[PDB]
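J.: let me see the structure of the following:
(chains A, B, C and D, ligands or ions: 2)
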Amino acid sequence: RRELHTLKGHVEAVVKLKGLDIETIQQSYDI
Amino acid sequence: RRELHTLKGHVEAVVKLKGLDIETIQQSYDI
Amino acid sequence: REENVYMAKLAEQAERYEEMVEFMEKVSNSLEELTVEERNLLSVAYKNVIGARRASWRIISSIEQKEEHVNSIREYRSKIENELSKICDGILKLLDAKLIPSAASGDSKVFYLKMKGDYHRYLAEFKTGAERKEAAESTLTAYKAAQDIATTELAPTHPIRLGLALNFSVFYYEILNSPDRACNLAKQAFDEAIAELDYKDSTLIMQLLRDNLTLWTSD
Amino acid sequence: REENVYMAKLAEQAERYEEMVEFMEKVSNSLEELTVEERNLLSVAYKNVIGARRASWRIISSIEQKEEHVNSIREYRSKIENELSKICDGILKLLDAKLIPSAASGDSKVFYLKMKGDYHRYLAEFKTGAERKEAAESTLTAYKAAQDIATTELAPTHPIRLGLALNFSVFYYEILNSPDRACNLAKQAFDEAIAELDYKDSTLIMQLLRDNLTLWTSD
Ligand SMILES: O=C(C1=C(O)C(=O)N(c2ccc(O)c(C(=O)O)c2)[C@H]1c1ccc([N+](=O)[O-])cc1)c1ccccc1
Ligand SMILES: O=C(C1=C(O)C(=O)N(c2ccc(O)c(C(=O)O)c2)[C@H]1c1ccc([N+](=O)[O-])cc1)c1ccccc1
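T.: Residues are numbered from 1 along each chain as shown, chains lettered A, B, ... in the order given. Ligands and ions are numbered 1, 2, ... in the order given. Shown next is the structure:
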């Protein structure tokens, strides 16, 4: 739901899967 | 992994979320 | 009309959003008081089209930062951003032109006003000069203009009332870079939502608010 | 070269695949014996670009079927399919032109041959007339041409050896519409994979094989 309906959730999904070891890009929750 | 690395898994993900009540579209597992 | 609506739901289902935007564009211009459905389709269309860019955007920017090569990356982000200004620019005129001008109720007005602030906000995410500013301003004036109607014509639990609050509160903390004023708008909005909790769409927003605080309260 | 490779990994990360294909195209033509990495990038690029269409495709087709309006839908699918033929057509020449012609080892050859069958196969998914046929044929000749090398130059557990088997076996069951010959290729491939099980990439493929059977064995 959060990774379904928020840019933040999505971004966090992708970055994890992509093994992207870059460090946390701060972000809040915006509808 | 299956919904990550196969057309079948992906399709099944989307169709479910989209509440798409159309009936199963047959499909196998292809890399 | 019925076609583009339909043809739109296809692009939705199909997940070909950009095309979903068009079918909608058609719908708007091909028009009266746009219906809840269509309204919420035009959004989702733009929501996703735009959304995809911010995401591509952030990662990119995120990778660019790490490096400091960077030259190329920026080039790419350049290309990306260019796209942003577009969708944003697109949805906005459509707002001024057809949408707002017709609004005949709280939601509608609060709704659009809200939209108008969001994309203005999205424009604030990457713009740097005069633009960046005029955006932040436009953002503020937009949300505020909306808040005056919601906090007054809508129930503290009403999704929109909440939806606005959430974003508006991300505008401050993240755009204007002023945590204090944000939290209050956050908390204020959250509380008065409870004081009447006595569903689904609202409940899920109140949750995002709490997440924002606890998160903004921890840096 | 190093740039497009890099610029490619960006489009990957960014998840802007179509652009990922290009950077790769550049890479191929800008060339010798393409490196494992680049090879596996060109694929993933095309894998995703193409993949997105089949998906949009199926749902669509799936919705079209349900209805029987349908007119419009087909129109859309028309547009979609058009895209398919493209990517496919694209990757294929690049195959005949640069890739295959250079192959100097089992994997490489088995690898490409495999690719060449897959997109030919993807072409078989929607084509209807002379094309459809020449595809099925081209599919078969492609996979088979590969199978002769794998089953001989690769270990029954080798990913490719397996990768080929899986798809090839989806070609029969699904393209030629002949369950029997499929299962055997499936099972045969699966067994001889075990008889030597004594990782990660292979293991995950053997799992897909079993899923195909149990599934093909239940209709
Ligand atoms: O609250 C109303 C809603 C809808 O109509 C509607 O479709 N909603 C909806 C459903 C499913 C979703 O997935 C999303 C989403 O995109 O999150 C949104 C509700 C909604 C609320 C606030 C926002 N918003 O501020 O971004 C966006 C959507 C409402 C009530 C009466 C009139 C008009 C609107
Ligand atoms: O087995 C070799 C693999 C790779 O090189 C490689 O990158 N793989 C890989 C990694 C992560 C993935 O997510 C995927 C995927 O897309 O499934 C694939 C392995 C692989 C195997 C079979 C196929 N295939 O038949 O579709 C595709 C990929 C190999 C070994 C030696 C030389 C060349 C190749």
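
J.: list the contacts for the residue nearest to residue C:118 when sequence neighbours are not counted?
T.: Computed as Cβ to Cβ, 6 or more residues apart in numbering or on different chains, the closest residue to residue C:118 that is not its neighbour in sequence is residue C:167, at 5.9 Å. All C-beta atoms are positioned from the backbone trio N, CA, C, and that covers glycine. Contact criterion Cβ atoms under 8 Å, 6 or more residues apart in numbering or on different chains gives A:30, A:31, C:114, C:117, C:118, C:121, C:143 as the residues in contact with residue C:167.

J.: would you mind measuring from the third one to residue C:102?
T.: In this case it means residue C:114. 16 Å (Cβ to Cβ, to the nearest Å).

J.: what about these two, which has more around it?
T.: residue C:114 (26 against 14; other Cβ atoms under 10 Å in any protein chain shown).

J.: and residue A:12, how many neighbours does it have?
T.: 16.

J.: tell me the secondary structure for it?
T.: Residue A:12 falls in the helix class when you classify it by DSSP: H, G, I helix; E, B strand; the rest coil.

J.: secondary structure class for the residue nearest to it when sequence neighbours are not counted?
T.: The shortest distance from residue A:12 to any residue that is not its chain neighbour, by Cβ to Cβ, 6+ apart, is 6.7 Å, and that residue is residue A:3. Under three-state DSSP, residue A:3 falls in the coil class.

J.: wait, what's in contact with the residue of chain C found nearest ligand 1?
T.: When you check chain C against ligand 1 by Cβ to the nearest ligand atom, the closest residue turns out to be residue C:163, at 2.3 Å. Applying Cβ under 8 Å, 6+ apart to residue C:163 gives the contacts A:31, C:114, C:205.

J.: closest to residue C:64 out of those?
T.: When these are compared for distance to residue C:64 (Cβ to Cβ), residue A:31 comes out closest, at 27.0 Å.

J.: what sits against the closest one?
T.: By Cβ under 8 Å, 6+ apart, the residues touching residue A:31 are A:5, A:6, C:163, C:166, C:167, C:205, C:208.

J.: give me that answer again for 10 Å
T.: If you count contacts by Cβ atoms under 10 Å, 6 or more residues apart in numbering or on different chains, residue A:31 has them with A:5-7, C:47, C:114, C:118, C:159, C:162-167, C:170, C:201, C:204-205, C:208.

J.: can I get the buried part of the residues you listed as one ChimeraX selection?
T.: Selecting only the buried entries of those in ChimeraX, with 16 or more other Cβ atoms under 10 Å in any protein chain shown as the criterion:
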select /A:6,7 /C:47,114,118,159,162,163,164,165,166,167,170,205,208
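
J.: now, which of the contacts of residue A:31 lie within strands?
T.: The subset of the contacts of residue A:31 located in strands under the criterion DSSP state E is empty.

J.: so of the contacts of residue A:31, which ones are in helices?
T.: In this view, these that belong to helices under DSSP state H are A:7, C:47, C:114, C:118, C:159, C:162-167, C:170, C:201, C:204-205, C:208.

J.: which one of those sits closest to residue C:53?
T.: Each of those was scored against residue C:53 by Cβ to Cβ, and residue A:7 proved nearest at 10.1 Å.

J.: ok, now how distant is that closest one from residue D:52?
T.: Using Cβ to Cβ, we find residue A:7 at a distance of 20 Å from residue D:52.

J.: before we move on, what about residue C:21?
T.: Shown here: residue C:21 relative to residue D:52, a distance of 17 Å by Cβ to Cβ.

J.: report how many residues lie close to residue 17.
T.: Unless you meant another one, I'm taking chain A. Other residues lying near residue A:17 total 9 when counted by other Cβ under 10 Å.

J.: chain C was what I was after
T.: Applying other Cβ under 10 Å, we find 20 other residues in the vicinity of residue C:17.

J.: and if you look at residue C:196?
T.: A count of nearby residues for residue C:196, using other Cβ under 10 Å, gives 10.

J.: ok, it touching residue C:155?
T.: Yes: using Cβ atoms under 10 Å, residue C:196 is in contact with residue C:155, at 6.9 Å.

J.: what residues does chain A put near chain D?
T.: Taking Cβ under 10 Å from any Cβ of the partner chain, the part of chain A that reaches chain D is made up of A:14, A:15, A:18, A:19, A:20, A:22.

J.: just the residues you listed now: which is nearest residue C:217?
T.: For these, the minimum distance to residue C:217 (Cβ to Cβ) is 23.6 Å, reached by residue A:15.

J.: distance of the residue located most distally from the centre of chain C relative to residue C:83?
T.: Within chain C, residue C:69 marks the point farthest from the mean C-alpha position, 32.9 Å out by Cα atoms, centre = their mean. Counting by Cβ to Cβ, the gap between residue C:69 and residue C:83 amounts to 23 Å.

J.: check contacts around residue C:179.
T.: The contact partners of residue C:179, by Cβ under 10 Å, 6+ apart, come to C:172, C:173, C:186, C:216, C:217, C:219.

J.: state the distance from the first one to ligand 2.
T.: Plainly put, residue C:172 is 42 Å away from ligand 2 if you go by Cβ to the nearest ligand atom, to the nearest Å.

J.: would you mind measuring from that residue to residue C:182?
T.: For residue C:172, the distance to residue C:182 (Cβ to Cβ) stands at 4 Å.

J.: do the last one as well
T.: Using Cβ to Cβ, residue C:219 is found at 12 Å from residue C:182.

J.: the more surrounded of these two?
T.: More crowded of residue C:219 and residue C:182, by other Cβ under 10 Å: residue C:182, with 23 against 6.
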